[PDB]
Amino acid sequence: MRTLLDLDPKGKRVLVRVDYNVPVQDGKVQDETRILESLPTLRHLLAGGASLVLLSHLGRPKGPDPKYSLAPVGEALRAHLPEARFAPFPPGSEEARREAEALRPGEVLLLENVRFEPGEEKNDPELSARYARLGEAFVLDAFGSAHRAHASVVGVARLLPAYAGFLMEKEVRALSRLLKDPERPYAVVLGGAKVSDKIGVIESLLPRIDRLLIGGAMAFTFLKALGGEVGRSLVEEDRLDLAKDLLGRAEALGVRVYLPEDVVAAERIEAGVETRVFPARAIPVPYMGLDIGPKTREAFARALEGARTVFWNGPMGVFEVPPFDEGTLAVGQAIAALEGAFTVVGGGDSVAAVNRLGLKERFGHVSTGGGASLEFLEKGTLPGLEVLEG
Ligand code: NA
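The sequence shown begins at 1 in PDB author numbering and counts up one residue at a time.
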């Protein structure tokens with residue numbers, strides 16, 4: 001993969017696809033972490049004598065939705081880079097082109113949300129050709145956008161010499177340690193409500209790991225297939241055979257699997273609702289398992305002892321509804337407490353859990369909040385990565 005130093009930025013206007021998809025409220029960025037993380041790439045290019053045009057998505061609006069304008073992000077960026085300016089013009093527009101052509105060495109221009117362009121998500125080749133007028137070289141520094149063939153990710157990269165920025169490279173390398181020669185014992189903790197959403201990553205990682213811990217509602221599909229009585233717990237009836245086959249593959253590959261022993265159940269998903277603890281294989285109707293129980297949390301933590309690599313993605317229960325978030329928080333706490341293990345966390349709820357444990361710095365790598373990381377682990381590559389090779 002072509003990396004940042006392969007580009008000679010001197011006297012060139014460089015187009016950079018960054019990830020500034022940050023939380024915004026009342027016209028103010030609520031967390032500028034993503035903006036800060038993009039700085040090394042920008043500083044390198046500016047020190048190299050280039051001018052910069054920045055492109056980013058914000059939310060997933062289908063067109064020019066003012067709620068998702070990058071204006072607030074431009075303000076936050078300028079506070080760190082005084083030479084940066086924001087222009088409220090879609091990147092495929094003639095106004096954007098003129099603004100970009102007027103830039104001088106050292107200047108930085110952030111254009112409007114790429115999602116405002118109708119051809120962006122369609123990877124419109126003509127739109128990509130217009131993006132190609134914005135710079136002489138292209139730097140992709142947004143791993144979280146690399147899983148989709150979009151005009152500002154793949155399309156323009158095919159018209160300009162393309163390179164991976166510092167951040168993009170860092171993310172790819174971290175996840176690559178979960179695919180190539182990972183340190184063993186290697187344990188994987190997967191959660192989520194449906195096994196169907198984990199089939200790809202499970203089949204991809206099974207031949208590479210030693211232990212697989214399964215939590216979340218998807219565990220009930222496995223448990224029912226194995227003969228357990230899960231009461232009114234969520235189950236994908238059309239995936240019962242598949243669940244059993246995945247366990248069969250684990251047995252064939254020498255991967256030890258762990259499933260819940262007990263669960264915290266309730267008659268309905270309600271915050272603070274009264275609960276009952278039942279064996280995961282004996283949940284009486286009308287109860288439904290909503291989180292892994294205390295014995296399961298303990299067992300899952302013990303299963304990680306000795307691991308040198310741990311990858312975790314997914315909630316252990318109904319994370320957004322207390323007290324059914326305890327299992328997820330407990331797994332995060334257990335992983336943070338490990339010694340001698342490279343730990344990687346991905347997934348919406350699990351990353352959210354890590355962010356409120358007050359132990360985030362304890363993890364080896366917390367992947368980009370999105371689906372790109374999981375797709376990369378399943379396929380071994382991404383569209384945005386392929387345009388940086390060759
Ligand atoms: Na794979």
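Backbone N, C-alpha and C define an ideal beta-carbon position, used for all residues, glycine too.
{"Asked": "Entirely enclosed alpha helix (DSSP H) segments - the stretch 327–373, minimum 4 residues", "Found": "348–355"}
{"Asked": "Unbroken stretches of the alpha helix (DSSP H), 4 residues or longer, contained in the stretch 211–276", "Found": "219–225, 240–253"}
{"Asked": "Inter-residue spacing [alpha-carbon to alpha-carbon] between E274 and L127", "Found": "55 Å"}
{"Asked": "Identity of the residues DSSP links to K28 by a beta bridge", "Found": "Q25"}
{"Asked": "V172 versus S56 - alpha carbon distance", "Found": "19 Å"}
{"Asked": "One or two residues paired with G289 in a DSSP bridge", "Found": "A265"}
{"Asked": "Enclosing beta strand (DSSP E) for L206 [first to last residue]", "Found": "Premise fails: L206 is in no beta strand (DSSP E) and is neither H nor E."}
{"Asked": "heavy atom of the ligand NA below 7 Å from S204 C-beta", "Found": "yes"}
{"Asked": "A219 vs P260 beta-carbon contact at 8 Å", "Found": "yes"}
{"Asked": "The stretch 290–309 / the stretch 321–339 touching (three or more Cβ pairs under 8 Å)", "Found": "yes"}
{"Asked": "As assigned by DSSP and simplified to three states, the class of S152", "Found": "helix"}
{"Asked": "At least three beta-carbon pairs within less than 8 Å, the stretch 344–362 to the stretch 157–172", "Found": "no"}
{"Asked": "Any alpha helix (DSSP H) of 4 or more consecutive residues that is wholly inside the stretch 79–126", "Found": "94–101"}
{"Asked": "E378 CB to nearest heavy atom of the ligand NA below 7 Å", "Found": "yes"}
{"Asked": "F324 in three-state terms, based on DSSP", "Found": "coil"}
{"Asked": "Beta-carbon proximity of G144 to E117, cut-off 8 Å", "Found": "no"}
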